Each structure stands twice: as C-alpha cells, then as structure tokens.
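To keep things clear, I will list the structure first and then write my remarks on it.
Protein chains: 4
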Amino acid sequence: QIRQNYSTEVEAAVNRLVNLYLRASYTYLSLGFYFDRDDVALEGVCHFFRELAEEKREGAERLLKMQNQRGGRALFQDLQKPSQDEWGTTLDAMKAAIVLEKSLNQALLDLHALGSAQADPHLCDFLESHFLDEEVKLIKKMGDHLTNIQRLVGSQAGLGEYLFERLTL
Amino acid sequence: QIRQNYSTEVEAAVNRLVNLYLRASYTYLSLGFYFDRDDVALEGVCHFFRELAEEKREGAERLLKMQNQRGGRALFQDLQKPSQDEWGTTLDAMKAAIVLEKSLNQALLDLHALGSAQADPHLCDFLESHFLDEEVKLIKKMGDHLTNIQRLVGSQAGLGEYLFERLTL
Amino acid sequence: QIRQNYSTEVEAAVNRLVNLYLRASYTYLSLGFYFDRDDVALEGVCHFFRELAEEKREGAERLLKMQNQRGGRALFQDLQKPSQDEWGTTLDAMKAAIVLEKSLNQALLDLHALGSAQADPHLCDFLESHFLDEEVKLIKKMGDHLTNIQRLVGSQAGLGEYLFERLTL
Amino acid sequence: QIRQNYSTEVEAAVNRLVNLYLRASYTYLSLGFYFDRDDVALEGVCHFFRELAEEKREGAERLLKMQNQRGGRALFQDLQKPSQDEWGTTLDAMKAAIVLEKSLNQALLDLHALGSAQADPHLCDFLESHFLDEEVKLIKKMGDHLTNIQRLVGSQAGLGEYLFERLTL
Ligand SMILES: [Fe+3]
Ligand SMILES: [Fe+3]
Ligand SMILES: [Fe+3]
Ligand SMILES: [Fe+3]
Ligand SMILES: [Fe+3]
Ligand SMILES: [Fe+3]
Ligand SMILES: [Fe+3]
Ligand SMILES: [Fe+3]
Ligand SMILES: [Fe+3]
Ligand SMILES: [Fe+3]
Ligand SMILES: [Fe+3]
Ligand SMILES: [Fe+3]
Ligand SMILES: [Fe+3]
Ligand SMILES: [Fe+3]
Ligand SMILES: [Fe+3]
Ligand SMILES: [Fe+3]
Ligand SMILES: [Fe+3]
Ligand SMILES: [Fe+3]
Ligand SMILES: [Fe+3]
Ligand SMILES: [Fe+3]
Ligand SMILES: [Fe+3]
Ligand SMILES: [Fe+3]
Ligand SMILES: [Fe+3]
Ligand SMILES: [Fe+3]
Ligand SMILES: [Fe+3]
Ligand SMILES: [Fe+3]
Ligand SMILES: [Fe+3]
Ligand SMILES: [Fe+3]
Ligand SMILES: [Fe+3]
Ligand SMILES: [Fe+3]
Ligand SMILES: [Fe+3]
Ligand SMILES: [Fe+3]
Ligand SMILES: [Fe+3]
Ligand SMILES: [Fe+3]
Ligand SMILES: [Fe+3]
Ligand SMILES: [Fe+3]
Ligand SMILES: [Fe+3]
Ligand SMILES: [Fe+3]
Ligand SMILES: [Fe+3]
Ligand SMILES: [Fe+3]
Ligand SMILES: [Fe+3]
Ligand SMILES: [Fe+3]
Ligand SMILES: [Fe+3]
Ligand SMILES: [Fe+3]
Ligand SMILES: [Fe+3]
Ligand SMILES: [Fe+3]
Ligand SMILES: [Fe+3]
Ligand SMILES: [Fe+3]
Ligand SMILES: [Fe+3]
Ligand SMILES: [Fe+3]
Ligand SMILES: [Fe+3]
Ligand SMILES: [Fe+3]
Ligand SMILES: [Fe+3]
Ligand SMILES: [Fe+3]
Ligand SMILES: [Fe+3]
Ligand SMILES: [Fe+3]
Ligand SMILES: [Fe+3]
Ligand SMILES: [O]
Ligand SMILES: [O]
Ligand SMILES: [O]
Ligand SMILES: [O]
Ligand SMILES: [O]
Ligand SMILES: [O]
Ligand SMILES: [O]
Ligand SMILES: [O]
Ligand SMILES: [O]
Ligand SMILES: [O]
Ligand SMILES: [O]
Ligand SMILES: [O]
Ligand SMILES: [O]
Ligand SMILES: [O]
Ligand SMILES: [O]
Ligand SMILES: [O]
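Top line first, the protein sequences correspond to chains A, B, C and D. Positions in the first sequence are counted from 1; adding 2 to them yields the entry's author numbering. Positions in the second sequence are counted from 1; adding 2 to them yields the entry's author numbering. Positions in the third sequence are counted from 1; adding 2 to them yields the entry's author numbering. Positions in the fourth sequence are counted from 1; adding 2 to them yields the entry's author numbering.
Right under this line is the structure:
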C-alpha cells in the first residue's frame, strides 16, 4: 500500500499520543467549566482553559491525520476522566496545567527519540513543525502566568485572583 | 369573543405577576439612584440596577400584552414601595437583588404549574420562551457577581468595591 | 446560592447525558478517521462524520453550561472507547450512526420525562429548544441517506458507494 | 569559497536525486499525453499527470538551486526514457505512479540518512521542509485514488473509469 519506513513501534506510540492529547483536552474542559461555576466565577480563567481544550483536540486530530497519511491504523482507547473534580484556586489550576503540559512535552520528546532511532525523518519533522515549538511557547506562557499569580496572592489572595483574571486573562 | 382555554385563575395570576414585575422595577429604580448618591458614587452599580429596572418594566408590559391577546382583563393594584430606602454596600445590594429575582422566578414557576394543571399550553410556552430562561441566566450572572464581590471585600472592603465597579460593571 | 427547583435526580441525569454526548462525539471521530484511511478513501463520508463529532461536542458543552447556570455540579466520567475499531461499508456506518442517535434521543426523552415529573419547566424548555428538534431532523436525514445507500448498493456495491459519496455527501 | 560542511558524498547524491526527479517528470509527461490520445480520451487523468510532471520538474530545480547555494557542482546525466510507451488503464497508471513516488521517497530518505551520518543539518532541514512532507501527502492522495479506482472497476470497468475521471479528477 502506501506505508513506507513507518514502524509498528511509531504507529503504537502515535496512538498513545492521541490518547494523551484527548485526555488533556478533557482535563481542560473540566478546568474551564469549574471556573464557570457560580461559586468560582472567574470567566477569564474559564476562557483560558476552554481555548486549551480546543487546542489539545486539534493536536489529536492532526496526529490522527498523520497516522492515516503514513498508512498507520488509528486505535482509540478509553479516555480516563480528569484527575480532579474541583481545581482549587487559579494558582492550583495553573500548576496542574503546567504539570500536564510537561507530561505532554515529555511524550512528544519520547516519540521524537523513537523517531530518530528508527530513522523516520518524516515523523521527526512533523513533531518539530507542529508540536514541539508550540508546547515550548505554551509552557513559557503558563510559567509567566504562574509567576504573576504567585506575586499577587502573597497577601490579599481574593483580590489578587480577581485582578489577575481581569487584567491578564 | 376571542377568549379560549384561558381560565379565570390564570388571568388572576397573570395580573398578580404584572404587579410583582412592576414592583421589582420600582425596587431596581430605587437601588440605582441609591448608588448614584454623592456619598455612594458607584456609577457602574447604578447603571446595572437601572438596566434591571427597564428589564422588569418590559417584563410587565409583555405580560399585559399577553393578557390582552388571550382576552383576559388587566387589573392594576397599588405598587408597594421598595422594602428599603438605603441599600448598604454593593454586597448587600446584590444579595437583595438575588432574593428578589428568586421570588420572581418562583412566581413564574407557580404560574407555569397552574398553566399545566389547566392544560393551557399557550401560557406555558409564553412563560418558557420569554421569562424562565432569562431569569435563569440573570440569576447565574448575579450569583457570579456576588462571588466576585465577596472575594474582593475579604480585606480592603472599600478598595474591593471600587475595583468591582470599575473592572466588572 | 442560585440553585432553585433543580433536583439532584435531574443534576445526575444531566451529567450522564454529558457523558453520552461526549461518547457519541468520540464515536463519530473514530467513524470519520476510518473513512479517511487510504484503503477506504471516502472523503465525503469522513467529512459527514467529522461534522457530527463537532455537533455532539457542542451538545455536551451546552449541557455543561446549563448545569452551571442552574447551580448543578458537573461531574465527568471515563469516556468509553467506540464500540468498533473498523466500521465496514457506508451502509454499515450509517446504520450504526442511526442506532447511536436513537439512543441519544431516548436519553433526551427520558430526561424530559424526569423534568416533567419534577415540575422543572426550565429543563424541559432547554431540551425542547436545543436538542429534541435537532435530533429529529438529524435522524430523518440519516434515514434518508440510509434509503439512498440501500437503493444504490443493490447490485454494484462499490459503484453505489462511490456515487453516494460523490453526489450526496 | 562558500562551501562548508558539504561532503562530496552528499553532492553526488544530490546530483543523482536531480536525475531521478527529471526522470519522474519525463515519466509523468508520457503518462499525461497517453491519456490525451483519442483512443484513451481521459482528460482528467491527463491533467493529473501533467500537474505531476510540473511538480517533479520544480523538485529538480529546487535541488539544483540548493546545490549551487551550498557550493556543490551540478552534473547532468542522460535522462532514461519512461519504462513504458502505453500505460494501460487508469488503474495500471496509478499503480505505476505510486511505485515511482515510493522510489523517489526512498531516495529522499537515503539522502536524509546520509545527511545525518555526515552531520549536515542544512541538508536534512531542506529535505524535511520541501520534499518529505509533500511526498507523504502525494502518496496518500494516490493511494486514495487507487482505492476509488479499484472499487469502481469491480464490474463495469469502462463505466467506472469514466465516472472516476469525471467526478474525482
Ligand atoms: Fe460566562
Ligand atoms: Fe460574561
Ligand atoms: Fe462573557
Ligand atoms: Fe479558539
Ligand atoms: Fe473557539
Ligand atoms: Fe474563542
Ligand atoms: Fe481553532
Ligand atoms: Fe484555538
Ligand atoms: Fe489552534
Ligand atoms: Fe496552535
Ligand atoms: Fe493551529
Ligand atoms: Fe484497526
Ligand atoms: Fe468533587
Ligand atoms: Fe530532523
Ligand atoms: Fe452619573
Ligand atoms: Fe460619569
Ligand atoms: Fe457616566
Ligand atoms: Fe437598556
Ligand atoms: Fe436604557
Ligand atoms: Fe442603557
Ligand atoms: Fe430595552
Ligand atoms: Fe434592556
Ligand atoms: Fe430587554
Ligand atoms: Fe431581556
Ligand atoms: Fe428583550
Ligand atoms: Fe432611610
Ligand atoms: Fe434616605
Ligand atoms: Fe410545554
Ligand atoms: Fe482528505
Ligand atoms: Fe481531498
Ligand atoms: Fe478535501
Ligand atoms: Fe463544522
Ligand atoms: Fe469544523
Ligand atoms: Fe466544516
Ligand atoms: Fe460549529
Ligand atoms: Fe457544526
Ligand atoms: Fe452546531
Ligand atoms: Fe446544531
Ligand atoms: Fe448550533
Ligand atoms: Fe463536584
Ligand atoms: Fe480492528
Ligand atoms: Fe413545556
Ligand atoms: Fe484536451
Ligand atoms: Fe476538453
Ligand atoms: Fe479541457
Ligand atoms: Fe500547475
Ligand atoms: Fe501548469
Ligand atoms: Fe494547471
Ligand atoms: Fe507551479
Ligand atoms: Fe503545480
Ligand atoms: Fe508546485
Ligand atoms: Fe509542491
Ligand atoms: Fe511549490
Ligand atoms: Fe508501444
Ligand atoms: Fe505507442
Ligand atoms: Fe533535523
Ligand atoms: Fe528538522
Ligand atoms: O459570561
Ligand atoms: O475559541
Ligand atoms: O493551533
Ligand atoms: O485554534
Ligand atoms: O455620570
Ligand atoms: O438602557
Ligand atoms: O429583554
Ligand atoms: O431592553
Ligand atoms: O482531502
Ligand atoms: O466543520
Ligand atoms: O448546532
Ligand atoms: O456547529
Ligand atoms: O481538452
Ligand atoms: O498547471
Ligand atoms: O510545489
Ligand atoms: O506548482
């Protein structure tokens, strides 16, 4: 058929990466609606996490498209529900979001390493152009938010959270 | 004449609901001008309650229009003055506004229940399309405001009230 | 808080309905990418199921928004993977899609019935306006497709599938 | 001069790759004019292969430009005539086109592997951005066409070929 220089190991890892992205998307949808509760009511934080949900979903779809293009076979698994039902403060949420992005990034780097080992340049390029740079920029942005949240919730935690949501997000 | 499947019980309840809406409107006009006093001076809160006064007045007029369309007879009663002359802080005001909206909502649901009992689908539809959804959205919005006010007036009550009026309203 | 006339039974059912919609969306994403395989290659069928994936996701998000507005608490569960990994012919796929939509519709009607029992008109209206009509139109459309597929794959199954994808989808 | 980190092995391989691309272009020009014969008369297939002829020629010219930029020396060889004078059916032609693209892709991957061995990142990047992704997409597209042709020429080969040329190409 069309399949060429595309190892079963890469195929399998691509499928696992699809699962991680759809799970991240699901986590971010839960984060977003949490911040939209009447007893939380931080619209800007809700909007930030809903954007991220969409981004992660796009990520998965690009992976799935790439899987088809290489002649791999997509295989879907159960999507585990997010690790929490309530996400605490903006501070807690942004910490959990960075932890999540780091673990996506690590999976991207593992796939890239596998790609190199197998001499699969097309895999490596595709991750490079579409995933690795974006993750880096996103993680930088989240780190910056985290610094600003922390500096604001020194004293006057409630005031700090409100001001962050209003003037940054 | 035109009157068809429109019970005297519904007619009476519609008239009482008109009275509740005009009273709410009157309450909100008093809330608005309170916040416009030189010793209160929270323009954004004044503007929020003046919008609500207009909305409640529209509500009443739609009810009165519906009463005519069904061939009921409008009957006006005295409008009781608002329960307070001074409304305290933004926090106090938003609490009183939610209490008021809840009691409008309860009257809307009672009318709907009566409408069902009497097999009056047109009444039920009219409340559905024009009143029940709006009340839900409005009460959600007021709950959100209340959360933000409370989080801001933890410490530094005056600063918190100012920031809310400036950055939310 | 804001919660008013919103029973724990309705809250629970809304959460289950969110799960069904996200599962449908996941099924449709798997259907779409299946038809985009190089050994299936029916772009119009891929595009039809990818539209449906997006629609089901929107459905879930509206439900989640409604849950917040009523003061319910969203709770996420694990999303079960689609019931199949390969979906056979366009005929097989459209049959499975109708079965799925019927089961969403049945859940919508069950929720509506619960809504009535609990005298929760806002729930009933929300399902009415946003879900019940769309499901009906969608199921009609899928039935129509099914008739056309069947009439085409009488003899010359491959020719019939190609012509359907090209001239209908 | 300008030449830096550009091995004679890479230079030689680039020259061979130019020859393969110009040969592919020549093959596609022969495929195109075949389908434009009065006794074949499949304009859409002619147009598809004439586009590919132009694409392969562009490919060669980019390679030759890159050779100059690195300070390599272009060397031209004889271009072998296409392996066939007549190309059979659309099915036969699309099979031969996929075989050809696979062999271009393999040469691109070999050059990339050489590029890595020699620590020549600029070579690797240039193939990545300009060649490897396009080949993958093209081979996917040709596989898809092949599936559709095959499904159509089950029974009624002539009808199937006509419909493919009219509704796909
Ligand atoms: Fe909102
Ligand atoms: Fe808003
Ligand atoms: Fe908004
Ligand atoms: Fe967006
Ligand atoms: Fe968006
Ligand atoms: Fe957006
Ligand atoms: Fe987008
Ligand atoms: Fe986006
Ligand atoms: Fe995006
Ligand atoms: Fe992006
Ligand atoms: Fe993007
Ligand atoms: Fe499979
Ligand atoms: Fe919880
Ligand atoms: Fe590379
Ligand atoms: Fe003023
Ligand atoms: Fe002013
Ligand atoms: Fe002004
Ligand atoms: Fe206005
Ligand atoms: Fe106005
Ligand atoms: Fe105005
Ligand atoms: Fe108005
Ligand atoms: Fe208005
Ligand atoms: Fe209005
Ligand atoms: Fe309105
Ligand atoms: Fe209006
Ligand atoms: Fe007084
Ligand atoms: Fe006074
Ligand atoms: Fe009804
Ligand atoms: Fe496509
Ligand atoms: Fe296409
Ligand atoms: Fe397309
Ligand atoms: Fe769409
Ligand atoms: Fe879309
Ligand atoms: Fe679209
Ligand atoms: Fe949409
Ligand atoms: Fe859509
Ligand atoms: Fe939509
Ligand atoms: Fe829709
Ligand atoms: Fe819509
Ligand atoms: Fe909860
Ligand atoms: Fe399978
Ligand atoms: Fe109803
Ligand atoms: Fe011509
Ligand atoms: Fe012509
Ligand atoms: Fe022409
Ligand atoms: Fe061209
Ligand atoms: Fe041209
Ligand atoms: Fe052209
Ligand atoms: Fe061109
Ligand atoms: Fe071109
Ligand atoms: Fe081109
Ligand atoms: Fe190109
Ligand atoms: Fe180009
Ligand atoms: Fe010959
Ligand atoms: Fe000849
Ligand atoms: Fe590289
Ligand atoms: Fe690279
Ligand atoms: O909002
Ligand atoms: O968005
Ligand atoms: O993106
Ligand atoms: O996006
Ligand atoms: O003002
Ligand atoms: O207004
Ligand atoms: O309104
Ligand atoms: O209004
Ligand atoms: O496509
Ligand atoms: O779409
Ligand atoms: O929709
Ligand atoms: O949509
Ligand atoms: O032509
Ligand atoms: O062209
Ligand atoms: O190109
Ligand atoms: O081109």
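Just so it is clear, CB atoms sit at the ideal spot from N, CA and C, and this is done for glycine as well.
Which class does residue i belong to by DSSP, given the choice of helix, strand or coil?
i      : result
A:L81  : strand
C:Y164 : helix
A:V20  : helix
C:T91  : coil
D:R75  : coil
B:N70  : helix
D:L171 : coil
B:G156 : coil
A:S9   : coil
A:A43  : coil
A:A62  : helix
A:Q108 : helix
A:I141 : helix
B:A55  : helix
A:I4   : coil
A:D146 : helix
A:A15  : helix
Taking residue i as the query, report the chain C residues whose CB atoms sit under 7 Å from its CB, ordered along the chain.
i                      : result
D:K142                 : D40
B:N107                 : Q6
residue 172 of chain B : Outside the shown range of chain B (3 to 171) lies residue 172 of chain B, about which nothing can therefore be said.
As a quick exercise: from the options, pick the residue whose alpha carbon is nearest that of residue i.
i      : options                          : result
A:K104 : A:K143, A:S131 and A:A121        : A:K143
A:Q108 : A:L129, A:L165, A:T92 and A:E53  : A:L129
C:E163 : D:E167, D:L65, D:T149 and D:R72  : D:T149
D:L111 : D:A99, D:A98 and D:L125          : D:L125
D:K139 : C:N7, C:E13, C:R39 and C:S9      : C:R39
C:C48  : C:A119, C:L31, C:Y8 and C:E63    : C:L31
B:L169 : B:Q3, B:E45, B:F35 and B:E11     : B:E45
A:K83  : C:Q79, C:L102 and C:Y36          : C:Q79
B:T92  : B:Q3, B:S9, B:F51 and B:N7       : B:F51
D:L66  : D:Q120, D:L22, D:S118 and D:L165 : D:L22
B:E137 : B:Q6, B:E57, B:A14 and B:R5      : B:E57
Closer than 7 Å by beta-carbon distance: list the chain D residues that pair up with residue i, in chain order.
i      : result
A:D127 : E130, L134 and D135
A:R72  : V138
C:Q158 : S157 and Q158
So with CB distances below 9 Å, who are the chain C contacts of residue i?
i      : result
D:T149 : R39, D40, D41, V42, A43 and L44
Starting from residue i, find everything on chain A with Cβ-Cβ shorter than 8 Å and list it in chain order.
i      : result
D:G145 : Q3, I4 and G73
Starting from the beta carbon of residue i, find every residue of chain D whose beta carbon is closer than 9 Å, and list them in chain order.
i      : result
C:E53  : The contacting residues do not exist; C:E53 stays about 20 Å from chain D at best.
A:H114 : Within 9 Å Cβ-Cβ: nothing; A:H114 doesn't reach chain D, min ~13 Å.
Please state if the CB of residue j and the CB of residue i are separated by a distance shorter than 8 Å.
i      : j      : result
C:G74  : D:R153 : no
B:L24  : B:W89  : no
C:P123 : B:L134 : yes
D:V16  : D:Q71  : no
D:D146 : C:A43  : yes
A:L171 : A:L113 : no
D:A76  : D:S27  : no
B:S157 : A:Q86  : no
A:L116 : A:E11  : yes
A:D41  : C:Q3   : yes
I want to verify the contact list: residues of chain B whose CB lies under 7 Å from the CB of residue i, in sequence order.
i      : result
A:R168 : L169
Along chain C, in chain order, which residues have C-beta atoms closer than 8 Å to that of residue i?
i     : result
A:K83 : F78, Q79, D80 and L81
A:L19 : Ordered by position in chain C, no residue passes the 8 Å Cβ test against A:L19, which lies about 15 Å from the chain.
What does residue i reach in chain B if we use C-beta pairs closer than 9 Å?
i     : result
A:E88 : Residues of chain B passing the Cβ test: none, with the nearest at roughly 15 Å.
Report task. List in chain order the residues whose CB is within less than 7 Å of at least one heavy atom of ligand 21. Result -> B:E56 and B:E60
Requested in this report: Specify which residues have a beta carbon nearer than 6 Å to any heavy atom of ligand 26, listing them in chain order.
Outcome: Cβ-based neighbours of ligand 26 within the cut-off: B:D87 and B:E88.
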